[PDB]
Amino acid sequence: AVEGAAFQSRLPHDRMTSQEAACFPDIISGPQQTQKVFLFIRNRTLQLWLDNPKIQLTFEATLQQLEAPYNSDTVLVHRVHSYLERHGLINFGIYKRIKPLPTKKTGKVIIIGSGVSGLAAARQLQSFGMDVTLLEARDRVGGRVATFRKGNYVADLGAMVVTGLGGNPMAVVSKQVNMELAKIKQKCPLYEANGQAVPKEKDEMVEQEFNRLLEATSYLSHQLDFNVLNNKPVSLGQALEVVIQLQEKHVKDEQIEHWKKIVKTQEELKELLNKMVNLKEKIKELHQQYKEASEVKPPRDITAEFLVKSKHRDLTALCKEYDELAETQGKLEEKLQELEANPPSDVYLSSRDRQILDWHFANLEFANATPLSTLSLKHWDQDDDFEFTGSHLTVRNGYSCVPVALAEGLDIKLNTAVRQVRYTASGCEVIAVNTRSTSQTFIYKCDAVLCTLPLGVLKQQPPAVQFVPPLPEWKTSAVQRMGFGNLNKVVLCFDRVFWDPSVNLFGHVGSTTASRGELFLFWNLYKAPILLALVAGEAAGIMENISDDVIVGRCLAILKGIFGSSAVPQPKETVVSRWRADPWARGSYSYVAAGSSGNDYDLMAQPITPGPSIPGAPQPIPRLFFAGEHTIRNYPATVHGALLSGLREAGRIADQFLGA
């Protein structure tokens, strides 16, 4: 009901967020009754916007549809509505405006980059009445949302999945944009060396082992505190080795305990056999002796009779004794025939197995766009608590539709590469050049800069962008500490659909471990006959130094040895992403590197406040603001996270220069 809207906005329906504590200190510290009133007004306003995000939810309309005792306090309602709208929880994206834009504007903001985070801020700021200009190095909007288009071919080289609509702000964007969303059939065959579908029985043992191995590292981390080793911090990959090794050690340990109890039994038998030989020997004599004593025929005295009767008793004693020893020798003889037939597993994982496991690892390198040797063991999964609900979707018609949509109405300067950012007590100048002719230079002066430069660009060892004054250590160190990963695609365009049209994805299992990322996964998502080949893990970095033709070579091979050397045409069109080489990206997206933590994401997001111009003038206003995928702790490395960070900075900038 109303409680569903809170969930769709990533908010608890039943308590107040620490954000809200900050703007409604009255409420949070007050009567629990009013808190419930607040929460209901909040939840109901959210519901109203969410139920029709195609048009602006004015304060009028909100109080109108408020019922019961709640439209009683109209100042409280106007408060809640404004809070929601400043922070971008309602009237965000592309809506029809009701109250039209301010005639005269207030403040000026330069936004660096028109990726989704830049664009989202730009729209918010513009709807708050500010003057917004975006500077974009590329000749297109969208940044790392990059759709390839030619004829009817269409293929995302950047973001391509909406990872669930439950609580995803792109839920709202897709209601607002012609966004053609398609469920992903989440079954995926695996094809090996010479080209053989992996038996389903196998696929599932390895997958189950993969997952068991992950939980193992989590226990290895949280329970045993296996987090520092040799003064460096432990990576996920390190911990995976250590877990795998310990499983091999335990396999050997069991073979030892087994054969070691075969030998204990073999030595028990031996001890018995000996008693039994030295009874056969002892009995042999007793026979001879009894036989000789029987040679003395029975006209015989009593000592001679005692020696016949004695040797006889003696002889049948040693005879029972040896018979019980030869039943004990039969119980032993079979206990040992069983152990010889109950041998623990010969291996932990076979070679065929460990290469299928290596594909499940490449799948994990692909999601986190980086080698598992770089991910923090302790923190690599720290955003997992915040997963959306529902199926994962692809954008059938190209994700670029979203940026292009957001860009409508905005002042976007393309082919403008920012070079230096200057921020002072009085304001800022951004210096940019024309990417076509390097020499043509531009000076933009503004009240505030929103930096949405990719983490990979901010990381560039010889700076691609100079900050004046330089960013403080707390910010640069966060920048050095987290990872910016990599992940590339091959797009294959054909005349005839020759794959199985009912399968969305399917795998290729690498020969070696090193090459587990190399073209390990294939996507069929689009109308046209298009196939996408991912290059994940350590392959991505390397495959970029290989010509386009070789890459598509290796590609058509893999497909031929899977579909038949004859069903596989040449491709009409090929593209090969190279994100690490792209100078407006320098990689694909961020990842919590070993030694980092989601705390660095928050450091990324703190605004910078220049010092006073005149000595002893009061401490200024903050002037440099950061948004972007790498600035949002709970949703890094996604589009919704970019968008959220844009909405965040917009509200914060407006709170600063227009007051709250």
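Numbers for residues come from their place in the sequence shown, where the first is 1.
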message: Which is higher on mean Cα B factor in this entry, 111-119 or 507-515?
response: 507-515
Of 282-290 and 583-591, the stretch whose C-alpha atoms average the higher B-factor in the entry: 282-290
Top Cα B factor in the deposited entry, candidates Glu60, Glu629, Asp26, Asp602: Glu60
- request: From the list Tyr423, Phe563, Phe386, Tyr83, select the residue with the highest C-alpha B factor recorded in the entry.
  value: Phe563
query: Where does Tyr70 sit by CA temperature factor within its chain: lowest, middle or highest third?
result: highest
message: Where does the C-alpha B-factor of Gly456 rank in its chain, lowest, middle or highest third?
response: lowest
query: Would the CA B-factor of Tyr444 place it in the lowest, middle or highest third of its chain?
result: lowest
statement: For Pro371, the third of its chain by CA B-factor is the lowest
- request: Taking the chain's C-alpha temperature factors as the reference, tell me which third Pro102 falls into: lowest, middle or highest.
  value: highest
